[PDB]
């Protein structure tokens, strides 16, 4: 019997066998009052408190969300879909602890992505037991509200203030500060890590003064709040809430009455209608996401980043080589995960229209001019490759590099990586290369499980990334010091060094996508 006394009452865990040892897991500990009825759209309230034992022995409900139904039966897409029941009653977190119980372990808190509209902490690729077993860190992960239920905003109105899902995350951090010591964790050694919308969340926790004392350091995998899809304007946010109201027959003149009507709607009606609030979205559109609320975020985050108003600490930031390809099969013409997707110039042009619906003819022309300087060949896959790079550079790579540059200008150590290894198991086809989302399994150490038929070179690579990430968490420095590795240099503006992660040549390079990012970061905002 593994019973731990938390601030709120006792919880029961279970033991797992992992690589010839044990990890103790507590799956599904509640951390907030379930946000139902009148609590829908509100900030999470603190937990009622209980005597007797809460059994934390299975993953909890995932938050309400629309499911990816694009490729039924296909593992490449369905692996991302939730794997417990959907419920509004979903504010639970998970804790993996090394055995024997550690004395004062560093804690890593994972925040999932899913574009702020989907995701859950229970996915197989987010299973923290390997990290716990291999590096003797404590791993924690939480479910937080997404879509309208988590991000619906009528700014200043505490019935629906915005950022509720970011506040769920923050309450989970607070839970760790208050309880992790009872589990053998060090509340003073907490690293946040997250991928995509989860990495954008981690970066907003660097900006939010309520989060400042709830963590030490931060790891941003393929995302940051300055990505163009990650923060919603207050004009866009109100238009969208108003639209959702109209769509559900919930339009009233009293802002407060609207929320009351929305609170009487069942979650399916809200979910069904979220897709249609943006008047024309793209495959990267965020219907309801982070807003400037005067609470979690006290000002536009670009202004805070530029003027140095953020927690001074070390960061670890990186991207994958083909960030953009995953999105091409969710609406660009001529693209398919079942053939080689060789597209013409014409299709390339129509694909720009899908990703850049608001942009002038001049603006799309200058994207094309910039990305079609073939040295060389011509060379059938030229346009297919160009569109993936457009989408990946504009949405993920140039913003992560810009985030890292601006952050490091205020004198902290930053480390940047470029992940270029394509999983031997990737279910998506070869043309999609090193996709968005597919470093996660290496970070969580899935290729260390030799029963799983990743390659030896993959086990070596993951073992090494697990060590770098644990070293950054524990010591603020992501070295692998023992195996004659490449030293990871700090990223500074000026040299802008970064490390590549792959199975052969890990190397130090500079100025990733220099020409492309000058285009997106400085020229494109003007068109």
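Numbering follows the first chain given and starts at 1.
Per the PDB record, of the two stretches 432 to 440 and 92 to 100, 92 to 100 carries the greater mean B-factor over its C-alpha atoms. Two stretches are in play, 292 to 300 and 186 to 194, and the higher mean C-alpha B-factor belongs to 292 to 300.
Based on the entry's C-alpha B-factors, the most elevated value among 204, 172, 446, 245 belongs to 245. For the set 254, 211, 81, 309, the PDB entry assigns the largest Cα B-factor to 254. Residue-level temperature factors show residue 16 in the highest third of its chain, judged at the C-alpha atom. In this PDB entry, the Cα temperature factor of residue 499 sits in the bottom third of its chain's modelled residues, the lowest group.
Split the chain's modelled residues into thirds by C-alpha temperature factor. Residue 236 is in the highest one. Residue 224: CA B factor in the lowest third of modelled residues in this chain (values from the PDB entry). Residue 166: CA B factor in the lowest third of modelled residues in this chain (values from the PDB entry).
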